[PDB]
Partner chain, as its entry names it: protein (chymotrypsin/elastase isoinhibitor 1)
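One chain comes next, on its own, written as structure tokens: the form solved without its partner chain.
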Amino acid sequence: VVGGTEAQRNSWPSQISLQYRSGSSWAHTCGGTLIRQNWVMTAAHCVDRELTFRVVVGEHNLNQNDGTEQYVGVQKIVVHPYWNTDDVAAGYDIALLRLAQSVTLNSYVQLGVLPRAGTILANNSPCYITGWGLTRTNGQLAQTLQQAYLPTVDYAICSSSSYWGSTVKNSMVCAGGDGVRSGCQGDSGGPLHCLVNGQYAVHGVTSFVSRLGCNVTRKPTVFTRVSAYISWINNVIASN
């Protein structure tokens, strides 16, 4: 997250860290949203690589013991069948991870609230992206979970020529684009939390930013629209 602030430890309890084994250690690669005690929602592009993945819930600082982490292996990975790694702009950047164990809920570990199917946010709706992603274009991951206020950019504006053009689809949510704050690498897969009727819900799964840079004016961070996949998510969980 570029231009973020440190999140309070219990603000976003559904945020998880998706990590891969590297040598004798683990490295954060993407975020995700805990949606069932044994299921995580993340971006399909985060699991394109054939790596060993683990999920960390109750994580706050990637480089320090928080005393609240629970570490769990990823037992099954279900990527959306239309996902195409060669074409992120086509959409379908979503995957569900079945965890090896069911995690325990507490103030640091909670299920993410999802929007009802088909819900679309009005332009400029208040949202926070959260993640341990790069804090600068071509920077380094954050140590502590960051949050940045990123108001949505509706489809009509987002898909206009000075924004993302045809690359943005109605199955996505755009947010931000002010040139200062944004998602960045490492935030992928994590949530876009938006306040609707008093409650935050996870309306987006971080998918991509411009190749030019993370915080690029009129290139808002683009997320998979969670409300486009409610049936898909329920169908996956019911059959696994």
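Positions refer to the first chain, counted from 1.
If you take the mean CA temperature factor per stretch, which one wins between 125 to 133 and 86 to 94? If you average the C-alpha B-factors of 86 to 94 and of 125 to 133, the larger mean comes out for 86 to 94.
Determine, for stretches 210 to 218 and 170 to 178, which one has the higher mean CA B-factor as deposited. Result: 210 to 218.
Residue with highest C-alpha B-factor in the PDB entry, from 42, 185, 37, 63: Among 42, 185, 37, 63, the PDB entry lists the largest C-alpha B-factor for 63.
I'd like to know which of 110, 160, 147, 152 has the highest C-alpha temperature factor in the PDB entry. Spelled out: the listed residue with the top C-alpha B-factor is 160.
Lowest, middle or highest third - CA B-factor, residue 49: Answer is highest: the recorded C-alpha B-factor places it there.
Split into thirds by Cα B-factor across the chain's modelled residues, where does residue 196 land: lowest, middle or highest? Its C-alpha B-factor belongs to the highest third of this chain's values.
Is the Cα B-factor recorded for residue 233 in the lowest, middle or highest third of its chain? Its C-alpha B-factor, which the entry lists for residue 233, ranks in the middle third among residues of this chain.
Tell me, lowest, middle or highest third: where does the Cα B factor of residue 120 rank within its chain? It falls in the middle third of the chain.
Residue 27's Cα B-factor: lowest, middle or highest third of the chain? Tercile = highest for this residue's CA B-factor.
Below, we turn to the form solved in complex with its partner chain, even though it does not appear here.
What I'd like checked is whether 29, 188 and 210 together line its partner chain in the deposited complex, meaning each has a non-hydrogen atom within 4.5 Å of it. Checking in the deposited complex: 29, 188 and 210 are all within 4.5 Å of its partner chain.
Taking its partner chain as it sits in the deposited complex, is residue 225 near enough to touch it, meaning that at least one heavy atom pair lies within 4.5 angstroms? Output for residue 225 is no: heavy atoms all beyond 4.5 Å of its partner chain.
Looking in the deposited complex, any heavy atom of residue 167 within 4.5 Å of its partner chain? Output for residue 167 is yes: heavy atoms within 4.5 Å of its partner chain.
Hey, in the deposited complex, is residue 17 touching its partner chain, heavy atoms inside 4.5 Å? Result no; residue 17 lies far from its partner chain in the deposited complex.
Is there any non-hydrogen atom of residue 103 lying within 4.5 Å of its partner chain in the deposited complex? Contact with its partner chain, no.
Identify, from the list 72, 157, 141, 79, the residue with a heavy atom within 4.5 Å of its partner chain in the deposited complex. By the 4.5 Å heavy-atom cutoff, the listed residue in contact is 141.
Since the chain is shown here on its own, which stretch among 191 to 199, 47 to 55, 63 to 71, 173 to 181 would lie within 4.5 Å of its partner chain in the deposited complex, judged by heavy atoms? Among the listed stretches, the partner-contacting one is 47 to 55.
Between 1 to 35 and its partner chain in the deposited complex, list the residues on our side with a heavy atom within 4.5 Å. Heavy-atom contacts to its partner chain in the deposited complex: 21, 23, 24, 29, 30.
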